[PDB]
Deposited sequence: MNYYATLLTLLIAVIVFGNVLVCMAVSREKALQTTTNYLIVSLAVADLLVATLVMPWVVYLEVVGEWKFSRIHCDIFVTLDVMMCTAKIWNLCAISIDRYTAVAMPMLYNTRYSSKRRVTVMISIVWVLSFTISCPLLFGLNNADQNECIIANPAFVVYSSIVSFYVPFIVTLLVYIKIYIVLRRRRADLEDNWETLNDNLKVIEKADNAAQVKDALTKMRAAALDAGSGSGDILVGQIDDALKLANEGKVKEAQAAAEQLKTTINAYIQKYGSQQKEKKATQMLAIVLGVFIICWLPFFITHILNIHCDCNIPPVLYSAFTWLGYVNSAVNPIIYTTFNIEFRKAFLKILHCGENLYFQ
């Protein structure tokens, strides 16, 4: 009666924001990329949460007694668990796509595969509930099995969260103009060179300048080219220098793609952070209830349920604040 209208407003906000995200990516071609495709899948998941599941949760928050059939409750609890598992696995897939884009910038079949895998795995995880394994008592609607609570926390939350944290750690691991100028100048010096001393000196300066860029394949190739010059093999050193130019251009392209993608990476990182912040107290109280025998009041359960549901509305705000083309598409579709 009190929270009834308030969470109705939250449901409407979630629906509007996610429909907005979906349309903005659907019509504007600046946003039509694979990672944004995964983002739209996540938005569809949140929309399904707000539309199909949240009304019945509001009904239970209002009347306090599930006054419908056991199959009704089983089906909609199945939908709840499946959509939330889909959300977290979509976040994991987005982390994986960001790692792929940053590490290996070198195509839609993979996107279709990941989207289908996310939904297939979520439906597989949530299957047991529709088969009557949820034995809820009369006029109550919960996950009535603690063992299934543990299994769902393990496969639906802990594994995807840990894998996503590790992938984003790998991404954070991945973190010079005068150096490129020096490299190219010494490359052309080797190209116009006619003896071995000039090539040796130029490759020495190239190795000195290439330490700042690498960690390194470029340095090893420079060392191989450098062995050639002590033996006086000028033509072989020049061929190695031509392949070195290829490697240097590849480095330039890679660190340009990386600088382009870092901003979207940061936006998705803060999205993941907000998701974890919203959904952490729920599982914290669950683990307390299980491994403590803590007499936890249901008010905390409902409060943390809704704290985790709030995350279904903050993703469009993050897309608006931390992205340019998304905000442009928003303002344009509004008029």
Stretches with no C-alpha atoms in the model, relative to the deposited sequence starting at 1: 1, 108 to 114, 184 to 189, 230 to 232, 353 to 360
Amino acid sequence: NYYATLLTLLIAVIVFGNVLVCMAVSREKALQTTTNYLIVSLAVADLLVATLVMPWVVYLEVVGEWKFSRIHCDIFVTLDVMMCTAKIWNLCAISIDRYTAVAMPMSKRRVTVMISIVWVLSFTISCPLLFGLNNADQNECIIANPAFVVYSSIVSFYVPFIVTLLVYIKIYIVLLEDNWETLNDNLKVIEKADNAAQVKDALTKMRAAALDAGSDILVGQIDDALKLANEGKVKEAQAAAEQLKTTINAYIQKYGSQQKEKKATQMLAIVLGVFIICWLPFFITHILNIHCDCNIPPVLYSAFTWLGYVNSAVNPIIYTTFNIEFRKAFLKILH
From here on, numbers count along this sequence of modelled residues.
Selected stretch [higher average CA B-factor]: 108 to 116 or 67 to 75: 108 to 116
Comparing 24 to 32 with 300 to 308, the one whose average Cα B-factor in the PDB entry is higher: 24 to 32
Highest recorded Cα temperature factor - choice among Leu52, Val274, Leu268, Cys292: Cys292
Deposited CA B-factor, highest of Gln253, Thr182, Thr204, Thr85: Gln253
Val19 by Cα B-factor - lowest, middle or highest third of the modelled chain: highest
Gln243, C-alpha B-factor rank within chain (lowest, middle or highest third): highest
Among modelled residues of the same chain, the CA temperature factor third for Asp212: middle
Modelled-residue ranking by C-alpha temperature factor, third containing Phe157: lowest
Assigned third (lowest, middle, highest) for the C-alpha B factor of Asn249: highest
